Amino acid sequence: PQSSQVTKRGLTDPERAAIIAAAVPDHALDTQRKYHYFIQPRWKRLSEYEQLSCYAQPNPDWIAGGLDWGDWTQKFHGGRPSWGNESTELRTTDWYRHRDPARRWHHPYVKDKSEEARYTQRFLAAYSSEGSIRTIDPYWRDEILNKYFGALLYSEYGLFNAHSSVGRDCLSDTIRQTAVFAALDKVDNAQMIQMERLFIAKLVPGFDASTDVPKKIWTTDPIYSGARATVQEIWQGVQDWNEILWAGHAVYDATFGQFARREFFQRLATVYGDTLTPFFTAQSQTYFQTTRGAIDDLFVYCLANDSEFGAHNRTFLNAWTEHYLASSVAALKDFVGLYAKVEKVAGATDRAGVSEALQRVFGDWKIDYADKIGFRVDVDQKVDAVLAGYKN
Amino acid sequence: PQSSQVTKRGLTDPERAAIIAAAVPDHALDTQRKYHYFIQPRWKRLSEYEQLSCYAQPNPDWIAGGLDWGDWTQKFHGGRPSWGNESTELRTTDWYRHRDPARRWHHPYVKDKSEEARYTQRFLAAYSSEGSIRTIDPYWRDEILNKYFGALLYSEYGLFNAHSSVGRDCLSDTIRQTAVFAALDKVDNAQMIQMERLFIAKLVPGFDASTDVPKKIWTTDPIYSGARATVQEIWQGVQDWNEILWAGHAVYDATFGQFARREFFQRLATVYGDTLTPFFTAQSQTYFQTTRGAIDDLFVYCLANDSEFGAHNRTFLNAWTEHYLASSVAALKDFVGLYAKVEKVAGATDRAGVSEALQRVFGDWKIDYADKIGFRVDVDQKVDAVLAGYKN
Amino acid sequence: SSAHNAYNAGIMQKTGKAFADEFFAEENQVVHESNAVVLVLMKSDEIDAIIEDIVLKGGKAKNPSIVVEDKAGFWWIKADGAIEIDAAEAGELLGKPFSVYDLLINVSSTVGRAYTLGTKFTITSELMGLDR
Amino acid sequence: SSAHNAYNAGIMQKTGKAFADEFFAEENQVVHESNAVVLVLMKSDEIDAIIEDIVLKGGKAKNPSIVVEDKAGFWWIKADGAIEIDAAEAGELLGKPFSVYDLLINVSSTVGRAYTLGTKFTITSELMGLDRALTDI
Amino acid sequence: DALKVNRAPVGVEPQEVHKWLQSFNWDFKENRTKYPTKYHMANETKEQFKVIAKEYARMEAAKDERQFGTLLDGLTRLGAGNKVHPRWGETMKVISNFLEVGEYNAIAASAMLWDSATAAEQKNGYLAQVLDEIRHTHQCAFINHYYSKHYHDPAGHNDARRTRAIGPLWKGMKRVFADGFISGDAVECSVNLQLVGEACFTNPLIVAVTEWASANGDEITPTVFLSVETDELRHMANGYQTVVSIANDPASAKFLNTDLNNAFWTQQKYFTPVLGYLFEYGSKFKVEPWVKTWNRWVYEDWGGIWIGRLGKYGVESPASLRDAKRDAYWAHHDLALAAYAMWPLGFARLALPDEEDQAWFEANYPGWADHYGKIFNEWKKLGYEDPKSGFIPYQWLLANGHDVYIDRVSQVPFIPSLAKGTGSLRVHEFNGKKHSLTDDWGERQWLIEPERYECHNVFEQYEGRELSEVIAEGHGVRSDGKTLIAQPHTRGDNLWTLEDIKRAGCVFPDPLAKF
Amino acid sequence: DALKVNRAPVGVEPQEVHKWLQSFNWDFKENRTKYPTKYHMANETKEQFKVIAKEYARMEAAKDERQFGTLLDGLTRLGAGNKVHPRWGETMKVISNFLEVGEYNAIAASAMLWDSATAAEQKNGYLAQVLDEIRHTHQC
Amino acid sequence: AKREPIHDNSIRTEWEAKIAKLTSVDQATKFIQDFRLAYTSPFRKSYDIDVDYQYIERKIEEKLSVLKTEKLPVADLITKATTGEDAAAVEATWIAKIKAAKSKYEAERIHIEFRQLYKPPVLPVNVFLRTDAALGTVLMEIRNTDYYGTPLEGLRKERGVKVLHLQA
Ligand SMILES: [Cl-]
Ligand SMILES: [Fe+3]
Ligand SMILES: [Fe+3]
Ligand SMILES: [Fe+3]
């Protein structure tokens, strides 16, 4: 006999359901049942992704694309608007135009990552039961993988936190979603690197999965000096939210990051008998390509080709690229010193192998980004600039 | 309107809901709400797996463990019972005792495989976008992987079909579930091998993913002669459903299968620069360990240690092991001829490397299966028998 | 088109003795060939949209013999010859990924020869492998 | 022993002018410290089993000030001091995997300091980081 | 080369793998079925619903997540588990657990089809079906599991896998959709399991029933059963492919019409009376007359769309159809007499038809009132519902010459002196043992195949034993150890105990002693 | 070595990763918030609900599947969407869409808390919160 | 008259005590063969233990099977019946026997008796199951030839029943 009424449900209680049935009209009062039917579809028909995402941000007409009017109700001390044009150098006729080609709203994003979460733990339980760690090259495992792959988690962690101000400052809903999902994928990468090290620790007596050595390498080893300098600038040195996303994903992570994750740790795992690391890089590289699709749409489809401000935006994108490409080339020049520490494998770790890896990264980058904004780049010159750091 | 009554729902229609409420008692008529509360729990508490599975099979008291009584309602021409003791040589005080340690009823089983299904397609879409196939050894890709990994799909396919009569003949519910889930995992392995080959074909001009060459190799290449002979016997040469499961998973697949999938294609992929195949072998090896947990429970916990028939059952299990271990050793001796076709890699494809691989497989098998049923095995003798097939 | 495809067509209209007299008539002690198909769709957000915007519009325009009846938990559909549903048309309506495989999540029963081909699900009176 | 933790305790029993007179009384124009915690659980198969077989049995036995009220879509729980739920006890009851993370799928709200520790979820009146421990052990 | 590659995003869709499955088989001398069969024709057929293992799992998991969301979240929050009319909640103890055994046997039958298939594509298709029948076993279990947790009477929802063994209606369930599938010709499963079982009887049993559930307040059963049947379109299609192969080879086709008739009779013999009884007597609110449900689904639609169409290719209308239609009209009313009279042997609580039920029965089955109605009303007057009455109708039947017999073949009970459905008693002695058969089709089966049909019946096992002893031995009690699971009313008061049963002094006879 | 290894089945649980998150930060001069604040105190705190990205997704996806099953399957089959008293169906036009903008602004506010946090554990926690506020926008 | 309880009764207890006294493979084989001829199939000699014989048969099977594993060389478990015969010879002999059967009534008794005499553990399981299936194929085919050709009156005569009652 609780103190408060046991409320009767209108759906199942006879008298309340009868009252409701009498109140509800015998016909619909409009035929337009498409939620936010007025959104301009990017594709042949409106997607649920667009319906649930688009125009959630309440921008007024003085922020390009907004449907509302008037000033904000409360602004920062001094007058900074809640959201404002001062947040970025780039301009557009409509900040809402961006569309993630994977069409991720929150549900499909966590559904997919949940799959990866549960399968990873099943995979690990079977891999430990298999004993497959027994054939890994021990020098690779202990001196290269544990230490320098461990150190790379700090690059992913910094790129994650570069999104904090982006999440506050950016000017539309689909952009905010892209940015936040990109950020989680970066902190996931860092956490997965540590998960692999913690897992190997359970299999290999004496293998130390503490971050002390990785952190020492990230913060003081010349191999990561250029990388750390760039991440520090992208994360904490600027606040233009378009500059952060472009420098972070389209320049630094697309060159240095792809070389480190794909050309070094993933590729060489499959030269030194490492049957574990490819399971983890499979995830970071899937995340990179998903993020790239959305970053490509924001900066190429929307901003570099905005009918009014495309050339204007390319002027800034070109200047940013010149700067952060120089930062990334310096980072790669530092990083290829790591080859001095690995066992030589013809076609992979010799000068020819490293050159072909740099040609893939700079060549792919020229196609995927530089050509799309009009940034001239001599691929051979960048390869040679990095190879000046290769010992031999 | 419609020709038939629009039935009113008792849950929401006021008049029918009021009539129902008047009929339903104001108190519960029993307090035992645990579905099939009388099942003997294997673990500290009865599981939902057990509740939904156990005693679904309607066995009578003359099939050990059955709670029903009397003859079947309809038997085969001649008199074969619907289920019967004539189906297997092994005996037990209760055929219901088996428990899958993964506690898979149908839902958790398809939930998990669904995760792998969708993540696989995301991985492939990103792997193709990454271009990572560019660094695979072409001879491995074209002459070893495409041809002999493809041919391995026929071993998995045959082991899949070995379960057809098991699914009909076996004597309890948890056993039937274990067997059918093992069968799907085996046909999945075969389908995944073909999936990888079809995928490479989209990336590599001239790469032929037809099964013609794989099938020719499986059916006529000496390298697979012994394996195919064993699979043919386990699948179609016997009908004792315990013999099929033991010979198939606990002897053949645990020695030849593990060597081929793990020690050859998975391990050497990570020596020849193959960043694709480990994603696929990760799945077959996860499935192998899950299947092993259930096979181990049926034959070790239940049958080899049944209070009345343990020693009796080990007499048959030992005789089967003698026979099918000989078949599997012969299969491995044929198979190691494949190493004559691969590029030499010290510690992996030389005599010492192959010797250590066979020591892992036979050594693990002695621990995981042979020691548990009392089967004496000299590991070095089996390694030496297989190495007689290795071309120095 | 289309009264003969109603759930309560023909003898099903009769009650009491009249029903019994036809049910037990000599001519109704053997089956009678029918050119119809029956499709059952489990009620759900996706199915209800397909019913209203596909089956009862383009479907019925192409096959005016189609009858749809409300059976509480499911839709009962009967038609001459065949019924078809293109999952690509459903996907466009629903605004979310929707392959033929996803369409079948709430296709609950078939009386007829059913199959998928491409993005299209079909149930037909045709006897494939026997008919020409 | 638990009437003070009822949803309609105290002023909430009054109506009309009697309610207004206490609501606007001078002494009720500032908050009053309360030692209680409130926990809201979303109704579901798992939660409903936890309510009946944990919260209302062992929970109330350990903390007899607990009050549970039916609020249609959720359970409203109020108690002195603290409420705890051990996901390991819930898993034993449900017969399926159930970590503390799974417990939180239907833990809908908290008025108090809440946290997980091992397999146990707790909401307490304690002000962790401010209140000082009572013993050194 | 090492620098240039197409980086367009691609995967591999299920149909791209599926087109290579046929090539996974290889030839060797022993590659043939292990099971006996009359059917040896070419059967290289094509799957109509292309699936591979990964896509199978994706589809079924998606079905599951929606089903279990509705059950464990939405309907539990609504308290729907106890919004069911007691008559219908009792009915689901029997429908769900009895179907469960049909589903379980369907696993085994589907494995025989898997074993006897000669095409890799068909072996692939039948493994998917094998998996589905496991899914359905667990879905049926989950319904009773959910009822055990949320319905006002968990007893019998919570233990049918042992308490079903007490009673005679369970015996026939072990044949209908069970032994009749798995104990016989493996290729013939395409006819009995699939062409008849799946294509004909699952529709009324699993689909039509959901509307009766909803009418009586049960939204659990529709949520699950409607998902169960989504898998059946694959199964029907598998079966039809093999039926075509049979019809195309004259040596195989000469067996088809006799197998079809035997399947149809075997299944309808039990399905028709038992499900009609459960629909009409196990409900308060009725959707339509059972005989109309049966006319729609079995006679007109299955009969016309499958069998009538196949008449173009030599398939004959089952010769037993006339006998079956008589059963569809009256046999469930006959069965109700036995079910109510022997209520203590079940695991469900029964309700005599009330005044509006009786008017409905007479309006839709004229003659019901003067036969069945008068009997039920007299039993009520004698104390049918009252635990202090000492009255159980089975004894009353015997005292008036209305003996109950069990068909040696189908296990369906038969009361020749009261039945209006199809049947007539034949009693034979063979090798010192007496046997009771009840119709022309089953009598032939037994005469030709006596060693297939040696099923002990409840009178043979229980001969000379008192009812309450049999019930107690079989665990036919609630958790107090004394109140029966079964009841002759659906109220919450005056529940019958073992002592209440014992007072009646009901002892099992040998019904064939008089012959 | 190459032959001997412990083959006991093990994984890595979320709390095992979580305990290393605090060490993911590193010191540099510009490592400080971009936003104006009056609050400059030490704020090295520990999260009360240990979560990592993979477990965050697992948890929220589990909530979602049950929610969307109820909506798209059960309640639609019941016709519940038109069983609402008109006054209340009208009220939900404004409650849900007005709440939507609150959730949307909560994304941005949570990002400011993420930016102004000084502990790696708190930055991790505020990203999870940022993600939740997106979830809530889409739920409304 | 009055049956004892289903699963625990004096008939089963008495037979268990008989079974426990078996000490050799030869003795247990003659015991189980004699038992199956006397008490199983429609051609059994006696129904005196009808509701208990299936359980008792299980118990005899168990005793014989353990005696085999304790006493016999492994090869005999694979290749011989416990009669001493070669298992493959038993298979060939009985398949030929049924293929020579001139009527369904001859074929049915051959199949039934094969099972009475050689059901495992007498014959190895693998040999037994494939022989039983080959026999069943022949029996099914001959029985499903003109299945409806003989009126019931004639089938009753062919079967040899004593007709005790025909309603109507
Ligand atoms: Cl630490
Ligand atoms: Fe089924
Ligand atoms: Fe089926
Ligand atoms: Fe929120």
Side-chain angles (χ1 to χ4, degrees), chain B residues 28 30-59 65-67 93-109 172-178 293-294 297-298 301-302, chain D residues 44-54 57-58 85-99 102-103 119, chain E residues 68 71-72 76 81 93 96-97 100 104 134 137-151 153-164 347 475 477-479 481 485:
Chain B
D30 205 352
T31 51
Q32 177 54 278
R33 294 196 171 282
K34 195 72 170 182
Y35 182 71
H36 286 81
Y37 54 88
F38 61 83
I39 294 160
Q40 306 172 304
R42 169 73 75 87
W43 303 290
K44 64 179 184 214
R45 295 288 187 273
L46 186 61
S47 67
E48 199 167 56
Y49 158 71
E50 288 159 297
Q51 292 180 283
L52 299 170
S53 301
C54 295
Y55 294 122
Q57 173 139 356
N59 281 345
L67 313 171
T93 61
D94 193 343
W95 279 115
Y96 292 102
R97 185 178 311 129
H98 168 58
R99 301 283 190 276
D100 176 15
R103 303 178 201 190
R104 293 168 303 164
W105 53 289
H106 187 278
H107 173 63
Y109 179 64
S172 75
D173 29 58
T174 51
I175 295 177
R176 173 160 284 101
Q177 283 160 210
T178 284
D297 183 86
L298 172 55
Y301 183 103
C302 294
Chain D
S44 70
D45 180 77
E46 296 90 339
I47 283 310
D48 293 6
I50 292 163
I51 283 286
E52 194 193 321
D53 285 338
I54 296 178
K57 287 182 184 165
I85 300 169
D86 192 341
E89 189 179 355
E92 283 176 12
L93 176 65
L94 298 169
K96 67 191 197 177
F98 204 80
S99 64
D102 297 310
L103 172 58
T119 62
Chain E
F68 291 120
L71 289 182
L72 304 180
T76 298
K93 298 177 178 178
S96 196
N97 183 265
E100 179 190 282
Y104 187 83
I134 299 179
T137 302
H138 294 154
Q139 280 172 296
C140 288
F142 205 95
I143 291 169
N144 297 126
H145 172 54
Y146 188 89
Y147 266 94
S148 292
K149 289 194 284 197
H150 300 285
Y151 172 70
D153 185 15
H157 276 293
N158 63 6
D159 58 12
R161 292 172 182 163
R162 77 174 175 192
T163 54
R164 68 199 178 184
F347 56 93
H475 309 284
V477 295
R478 297 166 178 271
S479 66
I485 301 175

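Just so we're on the same page: letters track the sequence lines, and every chain starts at 1.
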Where is the tightest heavy-atom contact between [X] and [Y], given as atom of each residue plus distance?
X: B:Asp94; Y: B:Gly65; value: OD1-CA, 3.2 Å
X: E:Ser96; Y: E:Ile143; value: OG-CB, 3.5 Å
X: E:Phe347; Y: E:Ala160; value: CE1-CB, 3.8 Å
X: B:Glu50; Y: B:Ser47; value: OE1-OG, 2.7 Å

Given B:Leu46 and B:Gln51, is the side chain to side chain contact (heavy atoms under 4.5 Å, CB included) satisfied, shown in steps?
CA-CA 7 Å; B:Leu46 186 61; B:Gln51 292 180 283; 3.7 Å; yes
Looking at [X] and [Y], would you say the former's side chain and the latter's main chain have a donor-acceptor pair under 3.5 Å?
X: B:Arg99; Y: B:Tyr96; value: yes
X: E:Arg478; Y: E:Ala155; value: no
X: B:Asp297; Y: B:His98; value: no
X: E:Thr163; Y: E:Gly156; value: no
X: E:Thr76; Y: E:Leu71; value: yes

Is the shortest heavy-atom distance from the side chain of [X] to the side chain of [Y] under 4.5 Å?
X: E:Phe142; Y: B:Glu48; result: yes
X: E:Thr137; Y: B:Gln177; result: no
X: B:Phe38; Y: B:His36; result: yes
X: B:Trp95; Y: B:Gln57; result: no
X: D:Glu46; Y: D:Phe98; result: yes
X: E:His150; Y: D:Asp45; result: yes
X: E:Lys93; Y: E:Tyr147; result: no

Check your understanding: Going through the distances and angles, do D:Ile85 and D:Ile50 end up as a side chain to side chain contact (heavy atoms under 4.5 Å, CB included)?
Key -> CA-CA 8 Å; D:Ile85 300 169; D:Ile50 292 163; 4.1 Å; yes
Atom [atom1] of [X] and atom [atom2] of [Y]: how far apart are they, to the nearest 0.5 Å?
X: D:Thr119; Y: D:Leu103; atom1: OG1; atom2: CG; result: 10.0 Å
X: E:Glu100; Y: E:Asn144; atom1: CD; atom2: CG; result: 7.0 Å
X: B:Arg176; Y: B:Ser53; atom1: CZ; atom2: OG; result: 12.0 Å
X: E:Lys149; Y: D:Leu94; atom1: NZ; atom2: CG; result: 7.0 Å
X: B:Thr174; Y: B:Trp105; atom1: OG1; atom2: CH2; result: 16.0 Å
X: B:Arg103; Y: B:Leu52; atom1: CZ; atom2: CG; result: 13.5 Å

For E:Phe68 and B:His107, I'd like to know if the aromatic rings sit close, meaning centre-to-centre distance below 6.0 Å.
yes
Query raised in the report: side chain to side chain contact (heavy atoms under 4.5 Å, CB included) between E:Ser148 and B:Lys34: does it pass, once the steps are laid out?
Result: CA-CA 7 Å; E:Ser148 292; B:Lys34 195 72 170 182; over 6 Å; no
Check step by step if side chain to side chain contact (heavy atoms under 4.5 Å, CB included) holds for D:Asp102 and D:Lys96. CA-CA 11 Å; D:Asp102 297 310; D:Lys96 67 191 197 177; over 6 Å; no
B:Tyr35 meets the ring pair (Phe, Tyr, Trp, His ring centres under 6.0 Å) criterion, sequence neighbours left out, with E:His145
- Task: Please assess B:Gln32 against B:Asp30 for the test side chain to side chain donor-acceptor pair (under 3.5 Å), listing each intermediate value before the final yes or no.
- Result: CA-CA 6 Å; B:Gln32 177 54 278; B:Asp30 205 352; over 6 Å; no
Worksheet item: Do we get B:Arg42 above B:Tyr49's six-membered ring, with its NZ or CZ under 6.0 Å from the centre and within 45° of the axis?
Response: no
